[PDB]
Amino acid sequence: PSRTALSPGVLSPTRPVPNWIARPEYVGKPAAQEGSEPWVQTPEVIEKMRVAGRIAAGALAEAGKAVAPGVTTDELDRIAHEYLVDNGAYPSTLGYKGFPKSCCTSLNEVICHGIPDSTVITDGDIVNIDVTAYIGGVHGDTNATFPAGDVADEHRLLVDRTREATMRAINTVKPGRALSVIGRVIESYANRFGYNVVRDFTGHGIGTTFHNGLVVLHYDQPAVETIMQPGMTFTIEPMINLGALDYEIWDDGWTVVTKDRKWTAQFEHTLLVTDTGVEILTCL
């Protein structure tokens, strides 16, 4: 047997960032200045995004190594926060439209945007950790779902198939392909198992802004005309549900849970379209 439905816990104090680490412009403001930027980045931006991606990937790996029964989602946050700040990076989630921590921790039925808190991880849980780094004036965004102890076969299979769906989507990325192939591949694959692909939350262009206005759908919609072009940078971050798509948002305004409380899994990379294919920027 697995855990029953989650409830929100209490937050730890806001974690400090040394002043020499530049903040993204949106910290503490009600909105963010993003959504109207070009989608193909300059070479100088791309090189800085390889640095930001690798530091985010390090933070996600360190916190992922800590996922185990008995560890709280707040403890994960502490590890991601400390890794980012000790690398001179600002945690892009911290202060984004009031979000109060340095990564998102989404267990079980939480589709996305769970807030690290006093929740204790237990055996059987699946734990998504999503960390973004801001450094060099650019962002790098990556996430993965980690099993805690021995996870039930249907939950294990959902995690592993969601990882596969993400890899197959990444492997489609090539200049000249329609962006819509990403969702086509993910949804076709997911539907083989009777899973449902979340529609209202998507991937996104990323560069000097966190969500740059480019939207990357994870379901099939070939009416989107956008093509992949060298220099384009975006995330692929499918959330795939065992149950129905209907969801609710907790009173914190952030935590998104499945209404039927069936579990859901996600993985994410920041990608660069190169002249021949793809380069994963959030790579160790």
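Numbering starts at 1 and follows the sequence shown.
Participant: Averaging only over Cα atoms, indicate whether 146 to 154 or 118 to 126 has the higher B-factor in the PDB entry.
Facilitator: Going by the record's values, the stretch with the higher mean is 146 to 154.
Participant: Once you work out the mean C-alpha B-factor for both 48 to 56 and 28 to 36 from the entry, which is higher?
Facilitator: It is 28 to 36 that shows the higher mean C-alpha B-factor.
Participant: According to the deposited entry, which of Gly194, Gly207, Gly183, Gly88 has the largest Cα B-factor?
Facilitator: Across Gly194, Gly207, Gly183, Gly88, the entry lists the biggest C-alpha B-factor for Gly194.
Participant: For the listed residues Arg23, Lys262, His269, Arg15, which one has the largest C-alpha B-factor as given in the deposited model?
Facilitator: By C-alpha B-factor in the record, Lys262 ranks first.
Participant: Taking the chain's C-alpha temperature factors as the reference, tell me which third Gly98 falls into: lowest, middle or highest.
Facilitator: Ranked within chain, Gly98 CA B lands in the highest tercile.
Participant: Relative to the other modelled residues of the same chain, rank the CA B-factor of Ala190 and answer lowest, middle or highest third.
Facilitator: Highest third of the chain for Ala190's C-alpha B-factor.
Participant: Going by the entry, which third of its chain does the Cα temperature factor of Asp160 land in?
Facilitator: For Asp160, whose C-alpha B-factor we compare with every modelled residue in the chain, the answer is the highest third.
Participant: Using the temperature factors of the C-alpha atoms in this entry, rank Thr235 within its chain: lowest, middle or highest third.
Facilitator: Lowest third of the chain for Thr235's C-alpha B-factor.
Participant: Quick check for you: using the entry's CA B-factors within this chain, is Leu242 in the lowest, middle or highest third?
Facilitator: Highest third of the chain for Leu242's C-alpha B-factor.
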